[PDB]
Ligand SMILES: [Ca+2]
């Protein structure tokens, strides 16, 4: 039956979104975000091209966002909230 | 204002759940679980909610399917690890076998 891997976060960006050009020729947007009830820093990676351009065009340090993604751990360990190529959600709140 | 830190997982344990007693004297249950739709993802789960902890020890085993709802937490260690935590009074753990 089903299987699920879903992270939902509403919080504030720690710096401007940064953009790195991949092996693929694609642009991948990375930023860090804080959630609190002291504060949790989450490392977010945006491959979804549509949400990537939106991060670069509209997000900045201090921006509040809503993020849906997948939890992924890579072996050089680092766990990131990944918005994969055809999935995920990214929405600017408080705009 | 609004704030949210929530992770939802449906997957299979990679090992029987383990009980450790903390500094607090609190009994904490840990296990690793796997998800998949490059590779399968291993999530490190930490259950402080005593009710879901007892359920995990009594009813979960290597290979059991489970639904987990917790929050994402990364903690520094001296020589980082990110965990899905079911905190003392929150979280959700559901058997799906
Ligand atoms: Ca929107």
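Among the residues of the range B:20-37, which ones are assigned to a strand (DSSP E or B) and farther than 30 Å from residue A:91 by Cα? Outline the logic, then answer.
Step one: filter the range B:20-37 for residues assigned to a strand (DSSP E or B), giving B:20-21, B:27-35.
If the condition is that a residue be assigned to a strand (DSSP E or B) and farther than 30 Å from residue A:91 by Cα, then B:20, B:21, B:27, B:28, B:29, B:30, B:31, B:32 are the ones that fit.
Yes/no per residue for (1) over 30 Å from residue B:45 (Cβ atoms); (2) within 14 Å of another protein chain (Cβ to nearest Cβ); (3) surrounded by 20 or more Cβ atoms within 10 Å (Cβ to Cβ); (4) more than 15 Å from the ligand (Cβ to nearest atom):
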| position | (1), (2), (3), (4) |
| --- | --- |
| A:21 | yes, no, no, yes |
| A:26 | yes, no, no, yes |
| A:39 | no, yes, no, yes |
| A:46 | no, no, yes, no |
| A:57 | yes, no, no, no |
| A:64 | no, yes, no, no |
| A:84 | no, yes, no, yes |
Every residue in the range B:28-37 that is surrounded by 18 or more Cβ atoms within 10 Å (Cβ to Cβ) and within 14 Å of chain A (Cβ to nearest Cβ), please. B:33, B:35
Restricted to the range A:66-78, and to residues that are buried (at least 17 other Cβ atoms within 10 Å of the Cβ) and more than 21 Å from residue A:94 (Cβ to Cβ), which residue is nearest to the ligand (Cβ to nearest atom)? A:70
Go through the range B:67-97 and give me each residue that's more than 18 Å from residue B:11 (Cβ to Cβ) and either in a loop (DSSP other than H, G, I, E, B) or within 10 Å of the chain's Cα centre (by Cα) (or both). B:76, B:77, B:78, B:79, B:80, B:87, B:88, B:89, B:90
Could you figure out which of (1) surrounded by 14 or more Cβ atoms within 10 Å (Cβ to Cβ); (2) within 14 Å of another protein chain (Cβ to nearest Cβ) isn't true of residue A:51? (2)
Taking the range A:8-19 as the search range and keeping residues that are surrounded by fewer than 21 Cβ atoms within 10 Å (Cβ to Cβ) and part of a strand (DSSP E or B), which one is nearest to the ligand (Cβ to nearest atom)? A:10
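All of the numbers you see were taken from the coordinates with simple rules; none came from a lab. Reconstructed Cβ throughout: ideal geometry from the backbone, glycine too, with neighbour counts over all protein chains shown.
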